[PDB]
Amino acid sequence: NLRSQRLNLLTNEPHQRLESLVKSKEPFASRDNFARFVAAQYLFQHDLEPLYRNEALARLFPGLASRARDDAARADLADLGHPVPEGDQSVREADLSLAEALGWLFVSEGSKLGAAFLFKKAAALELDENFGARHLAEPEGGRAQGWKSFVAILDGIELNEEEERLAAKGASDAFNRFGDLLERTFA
């Protein structure tokens, strides 16, 4: 019924595939490997920037701007001595509909879930919230409620059937994009 639940079903496979891809790149084998993972996160933030700063979406999601993680990820790349990668502008210039944008935000916000596990694994590489893993630090209100607050708004929006299709497309496209970014930074 809820939009969030439908999106969860629709992206269950892409998620399993993505989780497997991440495990295969061995992000915690070394700081260099971890840095390549941070580079992928950083590039995904560049794709999402125009959405987190969009006035229309900011009105729908109060506090939107502060959900971005670009400064932290860029600071982490600097800590790790990894040069910042160049964004290809493909998503920023894609001219996404509002509905597609909701699917991209769904995936970006959802990608924060379980980050405490990644944060814990980063400790093995002697990294933490003040060095190298700044982008995985837990948010103020806590990961849980941050997600619950976002989903309540998402599920309340009224969309027509075409817009629902576009939101699903946006979520699918975002999962595929993160995978492309990982293949790029680990190449």
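Each residue number is its position in the shown sequence, starting from 1.
For the pair 31-39 and 57-65, the record assigns the higher mean C-alpha temperature factor to 57-65.
Mean C-alpha B-factor is higher over 20-28 than over the other stretch, the pair under comparison being 7-15 and 20-28.
Taking the deposited Cα B-factors for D76, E93, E100, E109, the highest one is held by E93. Annotation for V84: C-alpha temperature factor in the middle third relative to the rest of the modelled chain, per the entry. The deposited CA B-factor of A115 belongs to the highest third of values across its chain. In the PDB entry, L182 places in the middle third of its chain by CA B-factor. For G141, the recorded CA B-factor ranks within the highest third of the chain. Only modelled residues enter the ranking.
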